[PDB]
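Visitor: Structure file coords.cif (mmCIF, C-alpha atoms and all ligand atoms) is given on the next line.
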data_my_file
#
loop_
_atom_site.label_atom_id
_atom_site.label_comp_id
_atom_site.auth_asym_id
_atom_site.auth_seq_id
_atom_site.Cartn_x
_atom_site.Cartn_y
_atom_site.Cartn_z
CA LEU V 1 -19.82 2.20 0.21
CA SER V 2 -20.46 0.81 3.68
CA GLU V 3 -19.44 2.91 6.67
CA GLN V 4 -16.30 0.84 7.20
CA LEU V 5 -15.38 1.08 3.51
CA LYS V 6 -15.86 4.85 3.70
CA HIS V 7 -13.32 4.89 6.50
CA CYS V 8 -11.03 2.76 4.31
CA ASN V 9 -11.42 5.18 1.44
CA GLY V 10 -10.56 8.01 3.82
CA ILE V 11 -7.35 6.27 4.84
CA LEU V 12 -6.61 5.63 1.16
CA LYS V 13 -7.04 9.30 0.31
CA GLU V 14 -4.76 10.19 3.21
CA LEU V 15 -2.06 7.76 2.10
CA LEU V 16 -2.14 9.47 -1.30
CA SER V 17 -2.12 13.05 0.07
CA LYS V 18 0.74 15.56 0.03
CA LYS V 19 1.44 15.30 3.75
CA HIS V 20 2.71 11.74 3.32
CA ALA V 21 4.15 12.11 -0.18
CA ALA V 22 7.78 12.10 0.98
CA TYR V 23 7.56 8.42 1.93
CA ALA V 24 4.42 7.27 0.11
CA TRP V 25 5.56 8.06 -3.43
CA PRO V 26 7.27 4.70 -4.19
CA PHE V 27 3.89 3.04 -3.54
CA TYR V 28 1.82 5.27 -5.86
CA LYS V 29 2.04 3.04 -8.95
CA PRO V 30 2.85 -0.62 -9.76
CA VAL V 31 6.53 -1.54 -9.55
CA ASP V 32 7.95 -1.31 -13.07
CA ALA V 33 10.50 -4.09 -12.83
CA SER V 34 12.23 -3.47 -16.16
CA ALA V 35 12.44 0.32 -15.64
CA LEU V 36 14.02 -0.21 -12.22
CA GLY V 37 16.21 -3.02 -13.53
CA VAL V 38 14.96 -5.53 -10.97
CA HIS V 39 14.60 -8.48 -13.34
CA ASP V 40 13.98 -10.90 -10.48
CA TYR V 41 11.09 -8.90 -9.00
CA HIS V 42 8.28 -10.97 -10.48
CA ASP V 43 10.03 -14.20 -9.58
CA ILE V 44 10.11 -13.07 -5.96
CA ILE V 45 6.83 -11.15 -5.80
CA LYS V 46 3.87 -13.26 -6.91
CA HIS V 47 1.15 -10.72 -6.09
CA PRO V 48 2.14 -7.13 -6.89
CA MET V 49 0.17 -4.38 -5.18
CA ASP V 50 0.27 -0.60 -5.08
CA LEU V 51 -1.95 2.31 -4.08
CA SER V 52 -3.24 3.10 -7.59
CA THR V 53 -4.49 -0.47 -7.81
CA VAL V 54 -6.11 -0.18 -4.37
CA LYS V 55 -7.71 3.08 -5.50
CA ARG V 56 -9.04 1.51 -8.71
CA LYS V 57 -10.45 -1.41 -6.74
CA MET V 58 -12.12 0.97 -4.27
CA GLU V 59 -13.60 3.06 -7.10
CA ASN V 60 -14.85 -0.08 -8.86
CA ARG V 61 -16.42 -1.32 -5.61
CA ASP V 62 -14.16 -4.37 -5.84
CA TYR V 63 -13.63 -4.50 -2.07
CA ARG V 64 -16.55 -6.06 -0.23
CA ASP V 65 -15.29 -5.24 3.27
CA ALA V 66 -12.60 -3.39 5.24
CA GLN V 67 -10.71 -6.66 5.78
CA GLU V 68 -10.19 -7.25 2.07
CA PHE V 69 -8.98 -3.65 1.62
CA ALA V 70 -6.54 -3.96 4.51
CA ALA V 71 -5.14 -7.22 3.13
CA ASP V 72 -4.21 -5.45 -0.10
CA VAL V 73 -2.58 -2.48 1.61
CA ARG V 74 -0.61 -4.83 3.84
CA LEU V 75 0.32 -7.03 0.86
CA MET V 76 1.84 -3.92 -0.75
CA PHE V 77 4.06 -3.38 2.29
CA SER V 78 4.92 -7.08 2.57
CA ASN V 79 6.11 -7.13 -1.02
CA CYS V 80 8.48 -4.32 -0.17
CA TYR V 81 9.76 -6.12 2.94
CA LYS V 82 10.19 -9.34 0.96
CA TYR V 83 12.17 -7.99 -1.97
CA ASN V 84 14.42 -5.42 -0.27
CA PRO V 85 17.06 -5.66 2.48
CA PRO V 86 15.73 -4.54 5.89
CA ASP V 87 18.03 -1.51 5.96
CA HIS V 88 17.04 -0.14 2.55
CA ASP V 89 15.66 3.37 2.19
CA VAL V 90 12.44 2.19 0.56
CA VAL V 91 11.81 -0.17 3.47
CA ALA V 92 12.09 2.75 5.90
CA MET V 93 9.50 4.55 3.80
CA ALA V 94 7.25 1.49 3.81
CA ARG V 95 7.47 1.21 7.64
CA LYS V 96 6.51 4.86 8.07
CA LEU V 97 3.59 4.66 5.64
CA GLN V 98 2.36 1.43 7.25
CA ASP V 99 2.50 3.18 10.61
CA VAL V 100 0.15 5.81 9.17
CA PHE V 101 -2.06 3.09 7.77
CA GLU V 102 -2.25 0.85 10.80
CA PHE V 103 -2.96 3.54 13.36
CA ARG V 104 -5.84 5.00 11.34
CA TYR V 105 -7.15 1.57 10.30
CA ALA V 106 -7.37 0.84 14.03
CA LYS V 107 -9.86 3.72 14.34
CA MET V 108 -12.32 1.77 12.19
CA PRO V 109 -15.90 2.57 13.20
CA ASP V 110 -17.82 -0.45 14.46
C1 LIG L 1 17.43 -2.61 -6.58
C2 LIG L 1 17.09 -1.45 -5.65
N1 LIG L 1 15.80 -1.72 -5.10
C3 LIG L 1 14.61 -1.30 -5.77
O1 LIG L 1 14.66 -0.70 -6.82
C4 LIG L 1 13.29 -1.64 -5.13
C5 LIG L 1 12.74 -2.94 -5.70
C6 LIG L 1 11.82 -2.77 -6.90
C7 LIG L 1 12.34 -0.48 -5.29
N2 LIG L 1 12.92 0.70 -4.71
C8 LIG L 1 12.24 1.93 -4.94
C9 LIG L 1 12.94 3.02 -4.14
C10 LIG L 1 14.43 2.99 -3.95
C11 LIG L 1 15.03 3.97 -3.23
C12 LIG L 1 14.18 5.08 -2.66
CL1 LIG L 1 14.94 6.34 -1.77
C13 LIG L 1 12.84 5.12 -2.85
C14 LIG L 1 12.18 4.02 -3.64
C15 LIG L 1 10.99 2.07 -5.80
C16 LIG L 1 11.03 3.18 -6.68
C17 LIG L 1 9.94 3.47 -7.45
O2 LIG L 1 10.00 4.59 -8.34
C18 LIG L 1 8.85 4.85 -9.11
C19 LIG L 1 8.82 2.66 -7.34
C20 LIG L 1 8.77 1.57 -6.47
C21 LIG L 1 9.87 1.27 -5.68
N3 LIG L 1 9.86 0.12 -4.78
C22 LIG L 1 8.96 -0.55 -3.89
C23 LIG L 1 7.53 -0.09 -3.69
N4 LIG L 1 9.47 -1.56 -3.30
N5 LIG L 1 10.70 -1.72 -3.67
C24 LIG L 1 11.04 -0.74 -4.58
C1 LIG L 2 7.43 -1.65 10.68
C2 LIG L 2 6.53 -2.86 10.65
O1 LIG L 2 6.83 -3.62 9.50
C3 LIG L 2 5.08 -2.44 10.60
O2 LIG L 2 4.82 -1.65 11.74
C4 LIG L 2 3.48 -1.27 11.93
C5 LIG L 2 3.41 -0.44 13.19
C6 LIG L 2 1.99 0.04 13.41
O3 LIG L 2 4.27 0.67 13.08
CL CL L 3 -4.65 -8.78 6.83
#
As structure tokens, what does this structure read like?
Guide:
Amino acid sequence: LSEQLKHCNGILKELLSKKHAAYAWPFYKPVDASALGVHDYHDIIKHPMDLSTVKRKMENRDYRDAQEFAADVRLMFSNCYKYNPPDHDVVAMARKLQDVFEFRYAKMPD
């Protein structure tokens, strides 16, 4: 990986670590629409994203730069903000996790 992608992988590891598990856990795996009974999810969300998919893409060297990585992580949060009411518990968790993401992403080495 490039230096910037290393930093991205570091952030990714952090997002998946125990210290953030209390609010990161909904984002660990792809939304299972049928299991959650949200039968309109895939009509509303055209591009599902989650941290296991980001991890797989990082491992497979799918991401060519930090920008592409960040777009996926942000897409994941956006999907949450799109589907759920602004006052929902899972949205609060998304906001907190994105705060973790954005502040460390900002420390990207040049
Ligand atoms: C119909 C109630 N809303 C939902 O089920 C959400 C839409 C699928 C769902 N809520 C959750 C969710 C709801 C309440 C709380 Cl406290 C935490 C997560 C959700 C749960 C999961 O369990 C494996 C996985 C993904 C979840 N997720 C994400 C990401 N974005 N929205 C959700
Ligand atoms: C809560 C907003 O949707 C995302 O905020 C990011 C900021 C760095 O906390
Ligand atoms: Cl972006």
Visitor: Let me have the centre and edge lengths of the axis-aligned box enclosing all listed atoms of ligand LIG 2 (chain L) with 6 Å padding on every side, in Å to one decimal, as JSON.
Guide:
{"center_x": 4.7, "center_y": -1.5, "center_z": 11.5, "size_x": 17.4, "size_y": 16.3, "size_z": 15.9}
Visitor: Looking at all atoms listed in the file, which of V:73, V:90, V:100, V:106 is the one that sits closest to ligand CL 3 (chain L)?
Guide: V:73
Visitor: So that I can check the surroundings of residue 20 (chain V), please list as a list in words every protein, DNA and RNA residue that reaches within 10 Å of it, counting only C-alpha atoms and ignoring chain neighbours fewer than 5 positions away.
Guide: residues 14, 15, 25, 93, 96, 97 and 100 of chain V
Visitor: List as a list in words the protein and nucleic acid residues near residue 28 (chain V), meaning an atom at most 10 Å away when only C-alpha atoms are counted, but skip any in the same chain fewer than 4 places from it.
Guide: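 Once the adjacent positions are removed, what remains is residues 15, 16, 21, 24, 49, 50, 51, 52, 53, 54 and 55 of chain V.
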Visitor: Just the residues within 12 Å of residue 46 (chain V), please, counting only C-alpha atoms, with nothing from its chain fewer than 3 positions along; format it as a VMD selection string.
Guide: chain V and resid 40 to 43 49 75 to 76 78 to 79 82 to 83
Visitor: Please measure the separation of atom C20 of ligand LIG 1 (chain L) and CA of residue 31 (chain V), giving the value in Å to one decimal.
Guide: 4.9 Å
Visitor: Please identify every polymer residue within 6 Å of ligand LIG 1 (chain L), using only C-alpha atoms and all ligand atoms, and present the set as a list in words.
Guide: residues 26, 27, 31, 36, 38, 80, 89 and 90 of chain V
Visitor: Let me have all residues with an atom within 9 Å of ligand CL 3 (chain L), counting only C-alpha atoms and all ligand atoms, laid out as a list in words.
Guide: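 The residues near ligand CL 3 (chain L) are residues 67, 68, 69, 70, 71, 72, 73, 74 and 75 of chain V.
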